[PDB]
Amino acid sequence: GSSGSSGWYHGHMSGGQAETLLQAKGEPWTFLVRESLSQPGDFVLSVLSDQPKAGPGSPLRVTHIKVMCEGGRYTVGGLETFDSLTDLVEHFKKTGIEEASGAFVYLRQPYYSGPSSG
């Protein structure tokens, strides 16, 4: 198929992992959906920022956007909700996300990841 169809769901990824995974790629503005192992029922949205730690040669920080699954609806803590992570991701895929540091983030492209790592 020319294009895909929502392929960010890595099933059940580990926060710490995603960080490394996303970093492994380095792709700036890269999000991915992963089930919260620590939080059964909820989910985490790790997005790769274009903001390095040291700069050139350093890994780009990571932002974990927790997903509050309440009332059969998902929310990142905002008034807006959703039924499926798709209607959520595809939603914030444009509006983007806002960090606490005052910086904003955007889900340019999802994380496909591969089988082998190293």
# chains A, B, ... in the order shown; residues from 1 in each chain; ligands from 1
>>> select_by_dssp(residues="chain A", states="strand (DSSP E)", output="PyMOL selection string")
chain A and resi 30-35+43-52+60-70+73-75+97-98+104-105+109-110
>>> write_last_selection(atoms="N, CA, C and O atoms", output="compact mmCIF listing (two decimals), in the first residue's frame")
# COMPACT_ATOMS: atom_id res chain seq x y z
N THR A 30 9.03 12.49 16.81
CA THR A 30 8.58 11.13 16.57
C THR A 30 7.85 10.59 17.81
O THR A 30 8.43 10.49 18.88
N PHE A 31 6.58 10.26 17.60
CA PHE A 31 5.76 9.73 18.68
C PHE A 31 5.51 8.23 18.50
O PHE A 31 5.77 7.68 17.43
N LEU A 32 5.01 7.61 19.55
CA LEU A 32 4.72 6.19 19.52
C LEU A 32 3.83 5.83 20.72
O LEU A 32 4.02 6.36 21.81
N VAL A 33 2.89 4.93 20.46
CA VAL A 33 1.98 4.49 21.51
C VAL A 33 2.49 3.18 22.11
O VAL A 33 2.85 2.26 21.39
N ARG A 34 2.51 3.15 23.44
CA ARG A 34 2.98 1.97 24.15
C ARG A 34 2.20 1.80 25.45
O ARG A 34 2.00 2.76 26.19
N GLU A 35 1.77 0.57 25.69
CA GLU A 35 1.02 0.26 26.90
C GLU A 35 1.90 0.43 28.13
O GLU A 35 3.04 -0.03 28.16
N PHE A 43 -1.99 4.21 29.12
CA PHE A 43 -0.98 4.18 28.07
C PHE A 43 -0.06 5.40 28.16
O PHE A 43 -0.38 6.38 28.82
N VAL A 44 1.08 5.29 27.48
CA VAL A 44 2.05 6.37 27.47
C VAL A 44 2.37 6.75 26.02
O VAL A 44 2.44 5.88 25.15
N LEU A 45 2.56 8.04 25.81
CA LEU A 45 2.88 8.54 24.48
C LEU A 45 4.24 9.24 24.51
O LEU A 45 4.34 10.39 24.93
N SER A 46 5.25 8.51 24.06
CA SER A 46 6.60 9.04 24.03
C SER A 46 6.87 9.72 22.69
O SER A 46 6.77 9.08 21.64
N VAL A 47 7.20 11.00 22.76
CA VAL A 47 7.48 11.77 21.56
C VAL A 47 8.91 12.29 21.62
O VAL A 47 9.35 12.81 22.65
N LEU A 48 9.61 12.15 20.50
CA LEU A 48 10.99 12.60 20.41
C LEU A 48 11.01 14.09 20.06
O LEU A 48 10.41 14.51 19.07
N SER A 49 11.71 14.85 20.89
CA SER A 49 11.82 16.28 20.68
C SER A 49 13.09 16.60 19.89
O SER A 49 14.02 15.80 19.86
N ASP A 50 13.09 17.77 19.26
CA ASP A 50 14.23 18.20 18.47
C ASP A 50 15.18 19.01 19.36
O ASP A 50 15.96 19.81 18.86
N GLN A 51 15.08 18.76 20.66
CA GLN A 51 15.92 19.45 21.62
C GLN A 51 16.92 18.48 22.25
O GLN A 51 16.53 17.61 23.03
N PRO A 52 18.22 18.66 21.88
CA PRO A 52 19.27 17.81 22.40
C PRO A 52 19.60 18.16 23.85
O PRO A 52 19.09 19.15 24.38
N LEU A 60 18.52 13.21 21.84
CA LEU A 60 17.42 14.16 21.96
C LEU A 60 16.49 13.71 23.09
O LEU A 60 16.02 12.58 23.10
N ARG A 61 16.25 14.63 24.01
CA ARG A 61 15.39 14.35 25.14
C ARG A 61 14.12 13.63 24.67
O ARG A 61 13.84 13.58 23.48
N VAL A 62 13.39 13.09 25.64
CA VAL A 62 12.16 12.38 25.34
C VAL A 62 11.04 12.91 26.24
O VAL A 62 11.28 13.31 27.37
N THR A 63 9.83 12.89 25.69
CA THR A 63 8.67 13.36 26.43
C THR A 63 7.59 12.27 26.48
O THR A 63 7.07 11.86 25.45
N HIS A 64 7.29 11.84 27.70
CA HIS A 64 6.29 10.81 27.90
C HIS A 64 4.93 11.47 28.19
O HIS A 64 4.73 12.04 29.26
N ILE A 65 4.04 11.36 27.22
CA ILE A 65 2.71 11.93 27.35
C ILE A 65 1.74 10.85 27.84
O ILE A 65 1.17 10.11 27.03
N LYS A 66 1.59 10.78 29.15
CA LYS A 66 0.70 9.80 29.75
C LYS A 66 -0.71 9.96 29.16
O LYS A 66 -1.09 11.05 28.73
N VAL A 67 -1.43 8.85 29.14
CA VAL A 67 -2.78 8.86 28.60
C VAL A 67 -3.76 8.40 29.69
O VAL A 67 -3.72 7.26 30.13
N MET A 68 -4.62 9.33 30.09
CA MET A 68 -5.61 9.04 31.11
C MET A 68 -6.88 8.44 30.50
O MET A 68 -7.68 9.15 29.91
N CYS A 69 -7.01 7.13 30.67
CA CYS A 69 -8.17 6.43 30.14
C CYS A 69 -9.28 6.47 31.19
O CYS A 69 -9.33 5.62 32.09
N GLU A 70 -10.14 7.46 31.05
CA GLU A 70 -11.25 7.63 31.98
C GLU A 70 -12.57 7.73 31.22
O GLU A 70 -12.64 8.37 30.17
N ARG A 73 -12.76 6.99 27.75
CA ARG A 73 -12.19 8.06 26.94
C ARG A 73 -10.73 8.30 27.33
O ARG A 73 -10.35 8.07 28.47
N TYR A 74 -9.96 8.75 26.35
CA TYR A 74 -8.55 9.02 26.57
C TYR A 74 -8.28 10.52 26.58
O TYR A 74 -8.90 11.28 25.83
N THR A 75 -7.35 10.92 27.44
CA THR A 75 -6.98 12.32 27.56
C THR A 75 -5.57 12.46 28.11
O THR A 75 -5.12 11.63 28.91
N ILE A 97 1.73 19.05 21.01
CA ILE A 97 1.68 18.97 22.46
C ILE A 97 2.57 20.06 23.05
O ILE A 97 3.50 20.53 22.41
N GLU A 98 2.24 20.44 24.28
CA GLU A 98 3.00 21.47 24.97
C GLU A 98 3.67 20.89 26.22
O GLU A 98 3.02 20.23 27.03
N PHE A 104 7.07 23.46 22.90
CA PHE A 104 6.01 22.69 22.27
C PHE A 104 6.59 21.49 21.51
O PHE A 104 7.75 21.51 21.11
N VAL A 105 5.75 20.49 21.32
CA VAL A 105 6.16 19.29 20.60
C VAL A 105 5.11 18.96 19.54
O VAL A 105 3.95 19.32 19.66
N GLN A 109 6.05 12.27 12.68
CA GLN A 109 5.91 10.90 12.21
C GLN A 109 6.01 9.92 13.38
O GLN A 109 6.76 10.16 14.33
N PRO A 110 5.22 8.82 13.27
CA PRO A 110 5.21 7.81 14.31
C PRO A 110 6.47 6.95 14.26
O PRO A 110 7.25 7.04 13.31
>>> residues_around(residues="residue 93 (chain A)", least_positions_apart="2", cutoff="8 Å", atoms="only C-alpha atoms", output="ChimeraX atom specification")
/A:89-91,95-96,106-108
>>> atom_distance(atom1="CA of residue 79 (chain A)", atom2="CA of residue 39 (chain A)")
21.4 Å
>>> closest_residue(among="A:1, A:22, A:16, A:53", to="residue 111 (chain A)", atoms="only C-alpha atoms")
A:22
>>> select_by_dssp(residues="region 69-111 of chain A", states="alpha helix (DSSP H)", output="list in words")
residues 85, 86, 87, 88, 89, 90, 91, 92, 93, 94 and 95 of chain A
>>> write_last_selection(atoms="N, CA, C and O atoms", output="compact mmCIF listing (two decimals), in the first residue's frame")
# COMPACT_ATOMS: atom_id res chain seq x y z
N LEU A 85 -7.03 5.92 20.55
CA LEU A 85 -5.76 6.62 20.54
C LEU A 85 -5.54 7.27 19.18
O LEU A 85 -4.81 8.25 19.06
N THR A 86 -6.19 6.69 18.17
CA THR A 86 -6.08 7.21 16.82
C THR A 86 -6.68 8.61 16.73
O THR A 86 -6.04 9.54 16.24
N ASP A 87 -7.92 8.72 17.20
CA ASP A 87 -8.62 9.99 17.18
C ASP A 87 -7.91 10.98 18.10
O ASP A 87 -8.17 12.18 18.06
N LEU A 88 -7.01 10.44 18.91
CA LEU A 88 -6.25 11.26 19.84
C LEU A 88 -4.93 11.67 19.20
O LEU A 88 -4.61 12.85 19.12
N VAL A 89 -4.19 10.66 18.75
CA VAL A 89 -2.90 10.90 18.12
C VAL A 89 -3.11 11.77 16.87
O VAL A 89 -2.44 12.79 16.70
N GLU A 90 -4.04 11.33 16.04
CA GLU A 90 -4.35 12.05 14.81
C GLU A 90 -4.83 13.47 15.13
O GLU A 90 -4.80 14.35 14.28
N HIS A 91 -5.26 13.64 16.38
CA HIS A 91 -5.74 14.94 16.82
C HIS A 91 -4.56 15.82 17.21
O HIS A 91 -4.42 16.93 16.70
N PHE A 92 -3.74 15.30 18.11
CA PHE A 92 -2.57 16.03 18.57
C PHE A 92 -1.46 16.00 17.53
O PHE A 92 -0.44 16.67 17.68
N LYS A 93 -1.68 15.21 16.49
CA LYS A 93 -0.71 15.08 15.41
C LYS A 93 -0.56 16.43 14.70
O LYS A 93 0.41 16.65 13.98
N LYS A 94 -1.54 17.30 14.93
CA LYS A 94 -1.53 18.62 14.32
C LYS A 94 -1.37 19.68 15.42
O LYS A 94 -0.39 20.41 15.44
N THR A 95 -2.36 19.72 16.30
CA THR A 95 -2.35 20.68 17.39
C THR A 95 -1.04 20.58 18.17
O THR A 95 -0.62 21.53 18.82
>>> closest_residue(among="A:14, A:38, A:20, A:6", to="residue 118 (chain A)", atoms="only C-alpha atoms")
A:20
